[PDB]
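Residues per chain are reported as follows:
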Protein chains: 4
Amino acid sequence: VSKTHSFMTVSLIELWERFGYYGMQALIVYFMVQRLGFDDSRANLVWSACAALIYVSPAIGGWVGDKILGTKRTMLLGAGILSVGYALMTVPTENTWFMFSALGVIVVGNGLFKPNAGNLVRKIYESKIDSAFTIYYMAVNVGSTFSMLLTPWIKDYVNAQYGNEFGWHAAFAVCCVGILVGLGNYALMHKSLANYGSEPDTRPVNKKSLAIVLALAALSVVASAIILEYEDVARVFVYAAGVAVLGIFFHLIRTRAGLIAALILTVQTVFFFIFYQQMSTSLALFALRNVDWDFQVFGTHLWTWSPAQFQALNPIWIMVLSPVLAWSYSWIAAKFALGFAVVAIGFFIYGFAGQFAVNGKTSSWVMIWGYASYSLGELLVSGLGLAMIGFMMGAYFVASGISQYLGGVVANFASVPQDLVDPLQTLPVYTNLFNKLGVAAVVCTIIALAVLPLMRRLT
Amino acid sequence: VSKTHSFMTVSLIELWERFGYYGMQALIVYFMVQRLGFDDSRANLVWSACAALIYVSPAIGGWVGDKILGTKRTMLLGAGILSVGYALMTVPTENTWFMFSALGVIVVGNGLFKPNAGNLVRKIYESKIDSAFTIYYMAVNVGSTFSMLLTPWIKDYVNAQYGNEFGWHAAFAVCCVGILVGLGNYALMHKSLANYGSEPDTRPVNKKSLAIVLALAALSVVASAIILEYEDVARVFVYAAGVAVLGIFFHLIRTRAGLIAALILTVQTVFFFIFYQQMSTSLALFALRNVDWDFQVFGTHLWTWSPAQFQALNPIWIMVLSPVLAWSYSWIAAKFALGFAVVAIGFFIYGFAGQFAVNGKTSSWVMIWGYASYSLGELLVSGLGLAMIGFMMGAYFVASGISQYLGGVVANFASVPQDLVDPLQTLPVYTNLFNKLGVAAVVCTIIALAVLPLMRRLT
Amino acid sequence: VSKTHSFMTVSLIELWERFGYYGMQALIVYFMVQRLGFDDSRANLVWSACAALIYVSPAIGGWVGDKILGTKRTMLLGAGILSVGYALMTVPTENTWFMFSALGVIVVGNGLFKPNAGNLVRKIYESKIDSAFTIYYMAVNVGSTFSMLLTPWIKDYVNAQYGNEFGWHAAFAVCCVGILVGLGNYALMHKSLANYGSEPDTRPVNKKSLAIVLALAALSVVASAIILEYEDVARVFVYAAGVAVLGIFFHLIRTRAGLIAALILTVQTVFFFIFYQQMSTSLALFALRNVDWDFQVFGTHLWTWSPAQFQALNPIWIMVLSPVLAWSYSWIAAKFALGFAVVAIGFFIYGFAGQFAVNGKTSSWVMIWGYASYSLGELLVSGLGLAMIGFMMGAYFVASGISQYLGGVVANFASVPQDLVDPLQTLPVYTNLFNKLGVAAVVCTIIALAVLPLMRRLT
Amino acid sequence: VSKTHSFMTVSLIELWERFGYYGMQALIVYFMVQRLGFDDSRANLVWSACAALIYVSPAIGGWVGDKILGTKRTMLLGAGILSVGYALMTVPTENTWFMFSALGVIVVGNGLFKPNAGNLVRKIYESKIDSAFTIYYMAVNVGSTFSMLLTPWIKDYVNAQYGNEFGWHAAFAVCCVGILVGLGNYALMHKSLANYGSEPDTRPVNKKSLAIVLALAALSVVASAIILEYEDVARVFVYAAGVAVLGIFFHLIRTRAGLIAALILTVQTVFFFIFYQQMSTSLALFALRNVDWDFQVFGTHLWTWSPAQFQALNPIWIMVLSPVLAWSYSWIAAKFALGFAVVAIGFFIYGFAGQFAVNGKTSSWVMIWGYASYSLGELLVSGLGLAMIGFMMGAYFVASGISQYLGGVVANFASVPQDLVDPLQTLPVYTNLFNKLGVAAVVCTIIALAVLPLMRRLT
């Protein structure tokens with residue numbers, strides 16, 4: 001059977017999509033800060049609310065893909081939407097509502113693409129879906145590594161040779177043409193995926209449901225752009241969703257043994273996403289303003305970084321360490337506590353950066369060993385949401401999304417005013433946040449290690 | 001079966017009791033030194049004799065709880081006695097006999113409460129009593145951590161805002177209201193524990209035995225207060241009990257193979273409690289006078305300690321390391337020698353403190369890594385008294401109690417005269433004691449490692 | 001059965017052959033640089049093309065030994081040819097075509113000797129041939145260690161006592177008399193090997209095939225000497241063979257699942273031989289010009305090295321670490337990635353050399369810990385060519401041979417002009433190459449670790 | 001059965017004998033150097049020849065104990081002889097022939113005591129003789145630790161309070177009274193050992209054989225004293241015995257497969273005893289002249305050593321590490337190579353001593369970590385002589401004895417003239433020998449690791 005070839009086609013279009021998205025993510029925070037005139041305290045909250053929307057969007061799109069429309073065409077619909085989003089990013093305007101419209105289109109497109117691509121990957125292998133998903137996630141990592149290394153250098157190079165604006169928007173065009181390369185790749189190789197489909201893909205398209213989801217997608221783009229623009233609207237929406245999550249838990253508390261364990265596991269999940277969201281927010285600003293991009297090994301100049309390419313170390317270390325864990329596992333929710341400790345030593349790595357290297361900017365090795373620890377923790381604490389316990393799955397998804405925004409306000413603890421360009425004075429606020437955050441992660445380690453007898457009670 | 005809920009009620013009242021006791025223990029030595037005018041050489045011996053009485057008191061109370069009175073009501077009787085004790089602590093007097101009366105009431109109350117709470121925990125699960133006891137000890141640790149972090153800060157804060165006296169006595173009132181919160185919690189949830197009882201709890205109360213134990217408790221409070229007040233009385237009582245222990249051993253030597261192994265295991269037990277008692281006595285004084293409470297990680301100010309809150313690191317590290325040992329044990333009285341070595345490296349940690357940090361006061365990280373080692377040793381050498389071999393159980397209990405006092409006189413090797421306020425000059429005596437104590441613990445490591453062939457002979 | 005004794009005789013003649021060859025290899029690069037007037041950029045390429053010819057020569061000789069002539073007499077023919085080669089090396093001339101003729105004779109002699117000696121070692125044990133081959137490779141290592149320690153010291157000593165020329169040519173005579181000692185040893189003990197033979201050894205010699213291979217050997221010596229002399233001829237031949245390897249792969253791509261895994265394993269093989277060839281080329285020059293041969297341990301003078309004796313650390317560490325791996329393996333193409341990482345840390349060892357020791361010349365411990373890492377990697381990534389998948393075996397052999405030359409041009413990245421005798425200025429170019437090469441090996445580690453899911457797909 | 005009690009009586013008399021012997025050994029080298037006027041180059045050779053005689057003496061005594069006389073009475077005869085020896089040591093004379101007579105009496109007494117005590121320990125348990133021998137060796141270690149800590153301090157104290165002579169001779173009287181305490185202990189508890197005996201102990205004493213062994217013992221005392229006195233006589237005797245060992249090997253080479261493996265194992269045995277003998281010879285002189293006896297841990301004065309008490313670290317570390325190996329072995333002649341490497345790092349510890357501490361005298365921690373490594377190697381390479389292959393057992397015993405003397409001449413590489421009292425100038429010769437000896441031990445590690453395929457061939 002050539003089910004491997006159907007898996008190759010979906011892996012190719014998925015690789016190019018993650019190419020487009022992560023080539024955009026590595027630059028979006030620097031884009032709001034440098035090109036746009038946003039102060040970092042607002043760019044942190046705007047990206048964080050957008051990260052929450054992007055994270056919880058696949059739930060709606062995954063249900064639309066198998067119950068309302070076809071999984072194949074809903075994935076293609078989200079791909080074309082993401083094409084519109086990155087093409088909206090590439091027009092040279094200083095308009096806030098322009099980027100906000102592009103970010104809302106990105107939210108809807110991600111939600112309609114990602115879960116359906118992973119859905120039919122499950123469909124192809126009917127249970128070695130784990131074997132396919134491993135190669136699937138590997139193609140995702142190598143594609144995001146290419147983009148996160150490429151699009152920031154395109155930004156630097158195009159701005160250097162062509163002045164001021166063309167850099168950022170050429171990199172966003174690179175994300176757009178990456179989506180179009182994957183769509184052209186799909187238009188050529190869709191024959192293998194034609195056999196495996198969703199429940200509605202057996203039948204032709206329903207234009208009622210198509211017009212419904214298209215008008216709702218536009219209505220969802222407007223809703224997401226307004227949530228991003230006005231920060232106070234994002235706060236009330238996060239608070240209302242927080243009361244909703246607290247409601248679902250207390251409502252189910254009324255029944256209820258063993259769910260208190262999942263409740264605890266959800267509490268730690270919120271703590272975890274406050275740490276992991278930091279590496280995209282304040283750590284990016286820290287790398288932008290307080291890291292010497294001059295990378296030299298043992299006194300020899302190799303290259304000079306671009307502060308966005310640092311985020312490419314998250315996929316790299318994943319591909320470096322995921323085989324390490326496999327063999328090391330060969331030769332139990334307490335592995336949360338291990339991730340808490342590894343996140344702690346990662347923040348303490350950034351606090352260490354203050355000691356050894358002081359010029360206003362710490363060394364660049366800080367980013368390497370840092371992302372090593374962060375990705376290591378992320379490696380061994382990811383997938384806990386899949387092992388929960390249906391109605392609670394929503395509460396977990398919303399809780400994780402809310403924690404993306406809450407981590408964004410935690411990054412505001414190290415927000416630098418835009419009148420402070422001295423890196424000698426911006427280093428304290430960064431190292432202070434990271435040091436006390438590492439203390440908070442050691443606290444979380446103590447919490448999970450002390451609460452382990454509760455977990456062993458529940459088994 | 002909801003036997004879990006009966007276990008939750010006893011765990012709640014036990015947590016609040018250990019809350020009261022350890023909120024009092026963390027401050028009692030500093031209370032005798034700072035508020036009361038005791039020189040440290042006397043405060044060391046008075047607490048050490050009180051620690052001996054508190055340690056061997058559960059033997060009498062555990063027998064009274066199942067043979068004379070009801071285990072439930074004897075536990076409640078000890079709880080009300082401990083309420084009187086901490087309420088006696090909270091009245092603002094500089095009277096020595098006031099604190100001594102409170103400490104004697106504490107001895108009787110601990111003896112009548114602790115073994116009966118643990119007794120009916122055994123009763124509830126009739127043999128997963130190990131599973132219950134693990135969650136039981138976990139609730140004990142988290143409650144003592146709260147108190148040992150809270151009551152010293154209450155002392156600092158209330159003294160800062162209200163002058164001189166109210167601080168210490170408010171913290172002792174916090175211990176008292178903690179006992180009352182647990183008693184109110186018991187008065188509401190005693191329905192679950194009503195089914196499981198002792199042998200006399202099947203029958204109503206006997207007022208003859210009640211009047212006997214109440215008059216004897218008062219007579220025991222007077223006896224304990226007099227043992228504490230006059231140090232020479234405590235010496236003769238320890239010596240007579242020492243001759244008694246030596247008597248029981250030689251009397252049983254007359255018979256007698258394999259008991260010589262328990263005799264050796266009792267000898268090491270005496271050595272061990274001389275080390276572990278030190279961390280409550282001289283290490284507290286050392287933290288009071290020669291540790292910089294300014295806690296900063298990598299050059300960032302987090303907080304400033306209170307020298308009593310350092311003892312909260314003993315329960316913390318226990319909850320941190322008891323899961324570590326579990327997995328590390330997955331992937332034999334010689335584990336005594338391991339504890340000897342870990343105690344040794346703990347004393348050598350405090351000796352190291354002299355080198356790196358000298359301002360008159362060593363760094364505060366000394367307390368962290370120290371209590372890590374001490375609790376680690378305590379972790380892997382606790383419970384050896386439960387595996388002995390009945391008549392010898394008394395000799396082991398008395399030997400361990402006597403060793404609490406002997407460790408108190410060992411702490412007098414580093415007793416500072418009260419005319420020496422220069423920390424530059426109080427650092428030598430502390431570091432010298434801790435360094436030669438670490439040498440003594442390495443000697444004990446050599447002893448147990450060399451005597452292991454005797455142990456293998458006995459199996 | 002005394003098959004052990006037949007194995008001892010072939011092991012003795014093999015030991016003396018590797019004695020001759022490695023006593024010549026350790027000096028050949030220094031011979032082209034110091035005695036001959038070659039600039040290092042040419043001596044690197046000439047040796048590298050010769051290393052490619054020597055590496056792929058056993059394929060032709062192994063087929064001639066069992067299909068055309070007798071394995072015993074073809075091995076003896078190659079031994080006598082190698083005798084002529086080293087005797088050609090020992091005549092004192094500054095003639096380029098003299099050394100080139102000697103090197104071509106060495107290529108033909110190695111090809112006709114080595115695979116047939118190993119072939120009849122397989123013949124003797126018909127499957128404990130692994131047990132014999134382990135002792136076989138051990139005798140090879142100890143013999144090469146003797147020569148690589150002896151012949152460079154003979155060069156130093158004879159030049160010191162006898163002027164200028166006699167040193168290098170006496171060491172090449174030592175290689176020649178070493179071949180003659182093994183041939184005399186064979187002429188005495190060939191009775192044991194007379195029973196075990198090849199397919200033609202059952203029958204007497206065919207003089208047609210003998211005259212064919214002798215005229216072709218002379219024609220092969222001329223072809224090899226011309227490939228070595230003119231560098232541009234070596235480039236075109238490597239390029240044509242590269243197109244041939246690319247041809248074989250694409251031709252077999254037309255069919256073809258699982259061969260893509262061997263294709264990937266061939267790609268890494270090319271990368272690996274670019275690293276391992278470096279230790280014979282630039283590392284030799286680095287040891288010649290930027291390593292303090294004064295070897296002192298903890299401030300005590302032991303000896304002063306000769307820069308060629310450093311290559312004797314490759315066999316030494318092999319015999320030191322091959323038992324280590326055996327027990328460590330007791331108590332999966334990803335072991336390529338492990339070798340990539342160990343090669344990386346080996347190059348970073350040489351980059352470290354710049355920091356600690358600067359006098360123009362780094363310490364000599366650099367060579368020790370370096371060759372430890374290089375031989376460790378070589379240890380755990382050797383033998384992958386034997387596990388391939390017949391027609392592709394040629395493509396793998398040619399690819400590895402081509403990579404020997406490509407590693408030689410990579411060594412030209414650190415080629416020093418002959419007008420630059422200041423070691424203070426030759427240290428940068430060496431340390432810079434080794435540091436960026438270590439970066440390239442970390443890149444290869446990331447490649448193999450990320451591509452591992454492809455390997456697990458193929459099993 | 002109370003066979004344990006018979007084992008306790010022999011363990012008590014054995015403990016007191018090793019008490020006497022090691023209380024004498026720790027001082028004998030310093031006695032020849034300090035009290036007697038021997039230059040160290042002669043005291044090294046005299047002790048080394050005496051160590052050879054003491055090592056090979058148990059062979060004759062063990063055969064006399066079970067074939068000629070009774071094992072019990074031959075052991076008692078050797079005990080009374082050793083009593084005469086140490087009593088001969090305790091008379092205050094500067095006479096060379098006095099000490100030589102005492103040393104010869106020690107050789108005969110050790111030979112007649114030690115193997116028979118161990119022989120009837122085998123007799124008592126008829127195969128848990130391993131369990132008995134472990135407790136047996138433990139009693140030996142703890143007794144030698146007491147003596148090696150006691151008798152050097154007796155020497156220091158008695159010389160300080162009583163002038164000049166009484167110190168050394170009081171410590172030798174301590175060794176004598178230690179033998180007499182064990183003999184008095186035996187005279188009281190010999191009832192248990194009366195049941196278990198040798199083959200002749202069934203029958204009464206034979207006065208012919210008694211007079212034979214007594215006259216031969218006196219003749220052996222004269223022969224040993226003359227071998228010790230004139231160094232050239234010791235050389236010729238060692239050379240003749242060396243030719244004898246070489247003879248036995250070549251004579252057995254004439255037959256002979258697998259014995260070549262024991263031949264190799266004997267070669268390494270000679271190398272090993274050259275290293276281990278060093279720690280009693282030059283390391284003692286080094287500790288006497290170039291080690292600061294001031295022992296302080298982390299800046300606190302504990303005590304000041306006596307340079308002979310350093311040898312008590314050999315039994316201590318054995319009792320510390322023999323349990324370590326047991327558990328570490330739970331969770332193959334190549335363990336020779338491991339001992340070679342551990343001996344190497346031990347010599348490199350002493351070479352390290354030159355770097356950190358220079359006042360003319362290195363730190364005292366050098367002796368601690370040194371003897372840790374030496375005893376560790378000794379731990380895991382002892383007992384290889386018991387696993388040989390009868391007629392060769394003699395060759396192995398003589399080879400090990402000869403290597404004791406050869407190690408004594410190796411110690412003469414660091415012999416200091418008696419006109420050089422400056423420790424600033426005696427430190428180089430010691431550190432130079434130890435550093436190049438560590439290099440020699442690394443060479444031995446390479447030898448055994450490279451020769452391991454020969455060992456695997458023989459199994």
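Residues numbered from 1 in each chain as written, not as in the entry; some residues may be left out. Chains lettered and ligands numbered in written order. Heavy atoms only, no water. Residues with missing side-chain atoms left out of burial classes, pairs and counts.

- Per the deposition metadata, X-ray crystallography was the technique used to determine this entry, at a resolution of 3.90 Å.

## With respect to the overall build of chain A
Then, in step 1: Along the backbone of chain A there are 16 helices and two strands.
Then, in step 2: For chain A, the C-alpha radius of gyration of 22 Å lies close to 23 Å, the compact-globule estimate for 459 residues.
Then, in step 3: Expressed as lengths along the three principal axes of its C-alpha atoms, the size of chain A is roughly 65 × 65 × 50 Å. (Helix = DSSP H or I, 4+ residues; strand = E, 2+ residues; numbered from the N terminus. Rg over C-alpha atoms; globule rule 2.2 N^0.38 Å.)

## Thoughts on the arrangement of the chains
Then, in step 1: Taking C-alpha atoms as the reference, chain B and chain C come no closer than 14 Å and do not contact one another.
Then, in step 2: Regarding chain A and chain D, which are not in contact, the minimum distance between any of their C-alpha atoms is 14 Å. (Contact = heavy atoms within 4.5 Å.)

## Considering the relation of the copies chain A and chain B
Then, in step 1: The transform that puts chain A on chain B rotates by 90 degrees and translates by 0.0 Å along the axis, for an RMSD of 0.0 Å. Those values place the two copies in the arrangement expected of a four-fold rotation axis. When C-alpha distances to the rotation axis are compared across chain A, the minimum falls at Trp 331 of chain A, with a value of 6.9 Å. (Least-squares fit on C-alpha atoms.)

## Considering the interface of chain A and chain B
Then, in step 1: With 16 residues of chain A at the contact, the number on the chain B side is 14 residues.
Then, in step 2: Of the roughly 1,400 Å² buried at the junction of chain A and chain B (both faces included), carbon and sulfur atoms supply 74%.
Then, in step 3: Sorting the residues of the side of chain A that touches chain B by element identifies α12 (335–356), α15 (423–450) and α16 (452–458) of chain A as the ones contributing at least two each.
Then, in step 4: Ranked by residues supplied to the side of chain A that touches chain B, first place goes to α15 of chain A with eight residues.
Then, in step 5: Residue composition of the side of chain A that touches chain B, grouped by class: nine nonpolar, five polar and two charged. (Buried area = accessible area lost by both parts, 1.4 Å probe. Nonpolar A, V, L, I, M, F, W, Y, C, P; charged D, E, K, R; others polar.)

## A short note on the pattern of salt bridges
Where charged atoms from two side chains of opposite charge come close, those side chains can pair.
Then, in step 1: Across all of its chains, the model carries 32 salt bridges over all chains by this definition.
Then, in step 2: Close ionic contact of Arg 289 of chain A with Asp 40 of chain A constitutes a salt bridge, the shortest N to O distance being 2.6 Å.
Then, in step 3: Given a relative accessible area of 3%, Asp 40 of chain A falls into the buried group.
Then, in step 4: The residue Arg 35 of chain D makes a salt bridge to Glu 165 of chain D at a minimum N-O spacing of 3.2 Å. (Salt bridge = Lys/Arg side-chain N within 4 Å of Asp/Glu carboxyl O. Buried < 20%, exposed > 50% of the residue type's maximum accessible area, 1.4 Å probe, protein only.)

## Examining the packing of aromatic side chains
Then, in step 1: Counted under the stated rule, the structure contains 124 aromatic pairs over all chains.
Then, in step 2: Residues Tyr 21 of chain B and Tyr 22 of chain B carry aromatic rings whose centres are separated by 5.2 Å and whose planes lie at 80 degrees to one another, so their mutual orientation is edge-to-face.
Then, in step 3: Here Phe 295 of chain D and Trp 305 of chain D contribute two aromatic rings whose centre-to-centre distance is 5.9 Å and whose plane-to-plane angle is 35 degrees, an arrangement assigned as tilted. One end of the pair, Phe 295 of chain D, is in strand β1 (residues 294–297); the other, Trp 305 of chain D, is in the loop between β2 (300–304) and α11 (313–330), with ten residues separating them in the sequence.
Then, in step 4: Overall, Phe 295 of chain D belongs to the buried group, its relative accessible area being 6%.
Then, in step 5: A relative accessible area of 9% places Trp 305 of chain D in the buried class.
Then, in step 6: For the cation-ring pair, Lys 361 of chain A lies above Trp 293 of chain A, with the distance from its terminal atom to the ring centre recorded as 5.9 Å. (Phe/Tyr/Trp six-rings, centres within 6.5 Å; stacked < 30°, edge-to-face > 60°. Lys NZ or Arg CZ within 6 Å of the ring centre and 35° of its normal.)

## Describing the interface of chain A and chain C
Then, in step 1: Each partner contributes to the interface: chain A provides 14 residues, whereas chain C provides 16 residues.
Then, in step 2: Carbon and sulfur atoms make up 74% of the surface buried where chain A meets chain C, a total of about 1,400 Å² over both sides.
Then, in step 3: Our enumeration of links across chain A and chain C arrives at three residue pairs in polar contact.
Then, in step 4: Counting residues per element, the side of chain A that touches chain C draws most heavily on helix α11 (residues 313–330) of chain A, which supplies four residues.
Then, in step 5: Residue classes in the side of chain A that touches chain C are distributed as eleven nonpolar, three polar and no charged. (Polar contact = N/O pair within 3.5 Å; in protein donor to acceptor, adjacent residues only side chain to side chain.)

## Points about unusual backbone geometry
Residue and element names in this part refer to chain B.
Then, in step 1: Backbone geometry places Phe 298, a non-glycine residue, at a positive phi of 50 degrees.
Then, in step 2: Along the chain, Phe 298 falls in the loop between β1 (294–297) and β2 (300–304).
Then, in step 3: Overall, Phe 298 belongs to the partly exposed group, its relative accessible area being 33%.

## Considering the environment of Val 29 of chain B
Residue and element names in this part refer to chain B.
Then, in step 1: Among the secondary structure elements, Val 29 is positioned in helix α1 (residues 3–35).
Then, in step 2: C-alpha of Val 29 to C-alpha of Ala 43: the two residues are 14 residues apart in sequence and 6.5 Å apart in space.
Then, in step 3: Leaving out residues up to four positions away in the same chain, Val 29 has contacts with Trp 47, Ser 280 and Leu 285.

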